[PDB]
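Shown here is one chain on its own, the form deposited in one PDB entry, set out as structure tokens.
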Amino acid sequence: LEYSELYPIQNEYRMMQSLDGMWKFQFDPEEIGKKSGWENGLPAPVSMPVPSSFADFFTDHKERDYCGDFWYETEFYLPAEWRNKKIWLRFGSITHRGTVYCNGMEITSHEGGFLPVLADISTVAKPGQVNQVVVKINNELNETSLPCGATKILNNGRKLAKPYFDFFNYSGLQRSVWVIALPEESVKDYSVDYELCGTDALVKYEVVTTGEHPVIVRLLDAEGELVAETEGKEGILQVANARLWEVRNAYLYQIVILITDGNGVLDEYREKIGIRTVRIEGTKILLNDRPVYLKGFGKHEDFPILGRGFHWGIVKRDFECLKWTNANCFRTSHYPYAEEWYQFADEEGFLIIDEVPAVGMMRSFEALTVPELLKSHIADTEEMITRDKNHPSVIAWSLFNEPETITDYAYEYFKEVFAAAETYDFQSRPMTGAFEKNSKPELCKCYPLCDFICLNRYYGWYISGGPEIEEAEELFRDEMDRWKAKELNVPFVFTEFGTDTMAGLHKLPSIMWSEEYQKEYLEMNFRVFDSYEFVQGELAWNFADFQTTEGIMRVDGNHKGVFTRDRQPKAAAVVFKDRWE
């Protein structure tokens, strides 16, 4: 990458200033901002919070549903001390694509709305003065970038997003924004990998810097005491009597990476890491050499009013609810989340399946757009893995959600994605993706690429729901018998199963949409899961009710949450709590 993904820190060598707050904002329905000087300042802005999704603030439909180009602006004072450092704007994300301007100059563009955007403003920054940042953003959906969809044109050329995915097209500056200053020679990237040796451990590492001066690497324990030190950009840290990072029982060391000159230090980067191994052995998932059964949910970055906007309060509540259910895992369905979610999972000992936004890829892999889509998918995979690889919580990469997989075309597409992912992950940890039912065991060509197989299944909701639930159970067992007979010797994880459930809808006997049917559906699914030895995890769809596009199938978004949108449990939450205990 031509920039660093490393989370920003502040110390003697690195500086950081938050640009979060109220920005200026303007919609651009006629696509005239870049023709009209807007990169030097918006002509008739309103106020917009950052971080946040813009949609749910407004009281009119056309602003909520806006699709097209729209702009953000803010001003910030840069301390004179930052002069001649490498100065960058760092956006947690820009959703979905955009161009960054600073002091009237085009700096960089980015495609992909769920990973950091880094803009090098070293040559245009004004130290000791007020500076301006303007961002042109676009939130249309197409078939050459992730997540996929279409853009419809209504009356008066008003655009409307048409997702191929079941979540609302929230967009804007949904994560924190910083301006930062780095030394001219800096730590750009590093990678760690672990090996357990009886009661000791090895931390294998590589460091990439932007120069040729010597590198020293230190490892500190949780108290800040030195436990290992080595020289060189590649090496091994030896840790006696290592305190391993364990499921729901974390321990974090600090890695400290120094570039030295004398005599003297040029840069220092520090980050918490956790010593742990993950691997697949037969049908088991092993964490530090012991089998673990995954228990948890698919989530979303979704909360009332803020949309996908980041807030630590949402993280805290969601983790307290997860712990109360006795979960140990979640999937970042269906896009990488803000970095802070992983930082917190590292602290709390949660396991993460980190998912790239490759959703919306099946009708309703032969279009001439596919090679461009592949390039986008591989780029987002590179960025995700480079950003997230050193979190101990991240134990697997999900590289798709419900694509077509039964053609040779699809196999060739995913072979390239998996090959790229493998080159980027220093740990070579498990790679997977979530399969929809159309990927029948007789037809699917892509499950062999996976270290373990993730299934999304809705036997008892979309298939034979309600009065037909006993037929659903038989259909489900018939499919799992089909997988069983293939003797693949790999773990299977259910990454989705659920029922829309309206809080407060009670019925005896139960009906589809009632709280009681959610419980009965879950109990039937558990009976099926527990009938197969190779099942090794269950992540329910969804942790919480969340927003979708309006339609006749969605009663104020998706109600398959086990919790409501405001994070309170439906009756089925206790079913999980009791089973997972």
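In this text, rigid core is short for the largest set of C-alphas that superpose within 1.5 Å between two forms. In case it trips you up, residue 1 is the first one in the sequence shown, and so on.
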> Can you tell me whether residue 366 lacks a model in a third or more of the other compared entries?
Replying inline: yes
>> Checking chain continuity here. Are there deposited residues lacking coordinates between residue 364 and residue 365, and if so is it 1 to 3, 4 to 9, or 10 or more (or none)?
In response: 10 or more
>> Quick check on the record: does 277-285 or 114-122 carry the larger mean Cα temperature factor?
In response: 277-285
> If you average the CA temperature factors over each stretch, which comes out higher, 193-201 or 487-495?
Replying inline: 193-201
>> Quiz for you: based on the deposited Cα B-factor, which of 138, 405, 398, 108 is highest?
In response: 405
> Among 312, 297, 350, 424, where is the Cα temperature factor highest, going by the PDB entry?
Replying inline: 424
> Where does residue 169 sit by CA temperature factor within its chain: lowest, middle or highest third?
Replying inline: lowest
> Which third, lowest, middle or highest, does the CA B-factor of residue 531 fall in along this chain?
Replying inline: highest
> What third of the chain, by the recorded C-alpha B-factor, contains residue 216?
Replying inline: highest
> What third of the chain, by the recorded C-alpha B-factor, contains residue 34?
Replying inline: highest
> How does residue 331 rank on Cα B-factor within its chain, lowest, middle or highest third?
Replying inline: lowest
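There is also a form deposited in another entry; it is not shown, and the following applies to it.
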> In a superposition on the rigid core, which residue from 382, 268, 404, 140 has a CA displacement reaching 2 Å or more between this form and the one not shown?
Replying inline: 404
> Closer or farther: the CA pair residue 379/residue 404 in the other entry, versus this form, with a change of 3 Å or more?
Replying inline: farther
